[PDB]
Every structure is written in C-alpha cells, then in structure tokens.
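A.B. asks: An experimental structure, sequence included, is below.
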Amino acid sequence: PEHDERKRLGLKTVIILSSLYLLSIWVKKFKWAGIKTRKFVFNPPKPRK
Amino acid sequence: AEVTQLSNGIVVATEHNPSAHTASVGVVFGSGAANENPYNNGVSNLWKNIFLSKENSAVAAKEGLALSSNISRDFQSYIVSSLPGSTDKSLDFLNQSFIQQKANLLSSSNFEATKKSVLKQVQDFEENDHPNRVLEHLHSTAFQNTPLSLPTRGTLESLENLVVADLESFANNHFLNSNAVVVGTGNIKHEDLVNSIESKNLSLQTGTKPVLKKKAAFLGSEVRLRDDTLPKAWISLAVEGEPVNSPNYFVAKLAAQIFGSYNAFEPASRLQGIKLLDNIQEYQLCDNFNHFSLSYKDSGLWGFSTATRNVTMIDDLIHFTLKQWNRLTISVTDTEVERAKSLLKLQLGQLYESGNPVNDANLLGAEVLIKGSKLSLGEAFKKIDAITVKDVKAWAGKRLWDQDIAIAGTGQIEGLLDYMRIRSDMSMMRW
C-alpha cells in the first residue's frame, strides 16, 4: 500500500544524491591540482661529504 | 637636494652637508639585473669587479681615492670617494674610465683573472649563505618567466659562457646619457660640481635604452630545496606587495613594522610589544624572524623570513604567524598603530641620515631615476602621521585576506606541510 508514495520520495532522493556526486568530483579535482602537476629535479651531490 | 639638467643633457643631483669630512662623486645608471635575459645573466656583476680590479684600484690609490660599486635589480652605481678639496681629481678619474678610455680594462689578462674570482664568489654563496639564497629563490618562483626573477649575482651555469664581447654589447645598450644621473654627497656644493662638469665639453651620444617585452607578474607557487645534512630550516613566505610610486607605499611599510623583528638570544628583543611573541616563546618555536616590504619599479613583495632548529614544530610556527596577519583585516587595535608609527620614523631616520656618503649617494641616485626628484624626510614624516586604523584595514582586506602566497625553503623542511594547508590559513572561516 506504500507503492505510490515510495516512488515519489525516490525521485527526490536520486536527483539530490546524483547532484552531490557530480559536485564532489569537481571539488576533489580542484584541491588535488597542486599535487598532480608537481615536478622533481635531481642534481647528484658532490663527493665531499 | 638640488637637481639640474645641463645643456648637453646630463642630470646632476647634489646633497650638500657642510659637517662632513669626505665627499663622494659617482654615476648611477637605471638598468639592473632585471634588464637581462637568461643567457647573459651576470654581466652586471662582472662589470662591477672590472671596475674594482687591482690595476684600476692602484691608479686611484696613488691619488688618495677609494672605489665602490653596487648592483641591484633596478640600478647600478660606480662611486669615487676623496677628501673635500680633491673633487676635481675624482672627476678626472671617472672621466678616463667611462668616457675616454675603456679598452684597457677589458684586456684578456685582466678579464680571465676577474672571471675566475667572480666564479669563486658565487660558488661560495650557493653553499654557505642560507638565509640569503632562500630569499633569492623566493624572487625566482614568485616572478617566474618574467624579468624580475633573475638573481643579481648571476648563476654558475650562465657565468661560464660569458666572453668579452658580451660586456661590450651590454655597455653599448645601457651605459647611455639618457639613462644616467651624476650624483654628489658630503662636503660638496652644487655649483662647483656643475661648473667642473661643464669645463669638459663631453659630446655624449644620444642613444636610448631597449624596452622590455614582458611585464612583471606574481604567481602563487613554491620551491623546496631539501637537505637533511644541515642543522636548521630556513623559510621565506610572501604575498604581492606595492611598487615604488604607489599610494599605499607607506601603509605597507607600517604594517610590516607591527610584527617587526625578533632575536631569541637577546634579552631586550623578548620584551617587545608584539602579540606574536606570546605564542612562540612558550615552546621556543624559532631562533629569529623579520618582516619586510620590498618595492620595485613594477611590483613588490610583503612577508617574513625565519630560521629554526625546532624541526618537529614547523607547522605551529607558520600557523601562529598567519593567524596574526588575519587580525589586520578585522581586529587591529589603536595602540599597535601608534607604536608602529614611532618605530617606522626611527627606522628610516637611521637609513637616510647615516654618516656614510656612499650610502647616501646610492639612495639619492636611485630615486631621481624613477621620480625625477627626491622626497624630503620632513614630508615623509607627515604622511606617516596621517595613517589611521581604517587605512590599515582597507589595505589588508585587498592585499592579505584570502590571497595567493609564494614559499621557499631549505634545510630540514620535512615538517613543512603542503601548499593548500598554508594557503587556507589566509582567511579565518569565522567571518
């Protein structure tokens, strides 16, 4: 007997949860942009030591 | 200070002082390390040591003359000192090494002896002077790919490719009459300097300096030079500041005087009226710090440098300092602005009124090249006295609140965190 009400609350939940999923992919790629393009150079030290 | 342009286009500036026992005459040019490219970086440092070479200094020492030189990012200077009454002898020496005869200093025996001396100085600077090479790496990461990122001494890789034809090419483009100011400080008066210059007729050709393509721009970035065999950690951090001829030139200088300098081993520097010292003295987070405000022709830097041996609490020293910078936007008080007014007038009163005519000749000539005149010390004191708390909050909300930073560090800097946790301390999350 809940069948008509269950399918209407499921329409509100899926729209909100799929918008939060797409917004969190954007925010994660912004905060990780400094780590992903980091560069490293190696000059071997002189054998004084 | 009296400025006068002559009939052939030479600008003469003089600051007479009758209670001095020396006099200084020199030439200041308006091109520095920011007028080079990455291939000839270091030709200004080589021209300085050619002027101060042994065969040049021996000719001046027989007349009772001393030589000085200074290379900066916007200017260069070549200054001769003497007794007050030998000032025409120091003009004849300066004539015979910049105007009438310059090919005897660039001989092959003198050039190769000078080049190996400069190569030893830059190599010693890169392995031993850690607070000064971190501040040079801060300029190269904040203004990268722009003329304001080249070091003033040159690099070790660029200096070994320079020949005698590179120095003649730089002199032909930059040592011109329209780029120069003739200065004089100490016991020398303005009319005897002008009449002595006008007695030698001085043809002095009419070239013009080459103009740069790129304008200086700030970029938020970082560079880390980790070295675990060193005993300390040296860190510099800055935002974009004010240029020369800015309306907020003195407001940025007063904001750096609020936080000031510190030495942990001096007993009187631990008693200063700075609220940052309550946080850092409980666990002894650092050895020393100092706040600066550097200004150039195009842009500037505002920040602090530090050195510490507490290598496991580096993240508390950066967090406590940046939380005090937040208070300039929201909750700076009235006693902190009145204290920084008095200490700023004492600081630049000791800069512009030392007893050294070589220091005064560098400050005078660098200012006439940019503005055409020099601001008096009495008029600078009235500008500082008219700064309010609302002027500080308006400047800091534009320059400091939620802005990009540039970081540089060397030594045991493992405890220094990422960029994004230092960048997020530039706002408070409260407001």
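C.D. replies: Okay, I see it. Numbering: from 1, shown residues only, chains lettered A, B, ... in the order given.

A.B. asks: From residue B:92, how far off is residue B:199?
C.D. replies: According to Cβ to Cβ, to the nearest Å, residue B:199 stands 11 Å off from residue B:92. Backbone N, C-alpha and C define where each C-beta goes, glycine included.

A.B. asks: Residues of chain A that sit close to chain B?
C.D. replies: Residues of chain A that fall close to chain B, judged by Cβ under 8 Å from any Cβ of the partner chain: A:31, A:34, A:35.

A.B. asks: hmm, try it at 6 Å
C.D. replies: The interface of chain A toward chain B, taken as Cβ under 6 Å from any Cβ of the partner chain, is made up of residue A:34.

A.B. asks: For the closest residue to residue B:289 other than its chain neighbours, list the residues it contacts.
C.D. replies: Computed as Cβ to Cβ, 6 or more residues apart in numbering or on different chains, the closest residue to residue B:289 that is not its neighbour in sequence is residue B:306, at 4.4 Å. Each residue near residue B:306 by Cβ atoms under 6 Å, 6 or more residues apart in numbering or on different chains is listed here: B:235, B:286, B:289.

A.B. asks: now with 8 Å?
C.D. replies: B:234, B:235, B:236, B:286, B:287, B:288, B:289, B:317 (Cβ atoms under 8 Å, 6 or more residues apart in numbering or on different chains).

A.B. asks: Show me what it bridges to in the sheet.
C.D. replies: When bridges are called by DSSP bridges, residue B:306 pairs up with residue B:235, residue B:289.

A.B. asks: Tally up the residues packed near the residue of chain B found nearest chain A, please.
C.D. replies: Taking Cβ to the nearest Cβ, chain A has its nearest neighbour within chain B at residue B:419, 5.1 Å off. Residue B:419: 17 surrounding residues under other Cβ atoms under 10 Å in any protein chain shown.

A.B. asks: pretty sure it is in contact with residue B:222, am I right?
C.D. replies: Yes. At 5.5 Å, residue B:419 and residue B:222 qualify as touching, with contact defined as Cβ atoms under 8 Å.

A.B. asks: any idea which helix or strand carries residue B:383?
C.D. replies: In this structure, residue B:383 sits in helix B:377-384 according to DSSP states H and E.

A.B. asks: That helix packs against which elements?
C.D. replies: Identification of packing neighbours for helix B:377-384 by 3 or more Cβ pairs under 8 Å, 6 or more residues apart in numbering or on different chains; DSSP states H and E yields helix B:249-259, helix B:334-351.

A.B. asks: most neighbours per residue, which of these?
C.D. replies: helix B:249-259 (a mean of 21; mean count of other Cβ atoms under 10 Å in any protein chain shown).

A.B. asks: following it, which helix or strand comes up?
C.D. replies: By DSSP H and E, the next helix or strand past helix B:249-259 is strand B:261-263.

A.B. asks: so how far is the next helix or strand after that following strand from its chain's centroid?
C.D. replies: Per DSSP H and E, the first helix or strand lying C-terminal to strand B:261-263 is helix B:277-280. Put simply, helix B:277-280 sits 30 Å off its chain's centre (Cα atoms, centre = their mean, to the nearest Å).

A.B. asks: now stretch B:181-196
C.D. replies: 25 Å.

A.B. asks: before we move on, what about stretch B:129-145?
C.D. replies: With Cα atoms, centre = their mean, you get 13 Å for stretch B:129-145.

A.B. asks: What's the first helix or strand after the helix or strand hosting residue B:15?
C.D. replies: Assigned by DSSP H and E, residue B:15 belongs to strand B:11-16. Using DSSP H and E, the helix or strand that follows strand B:11-16 in sequence is strand B:23-29.
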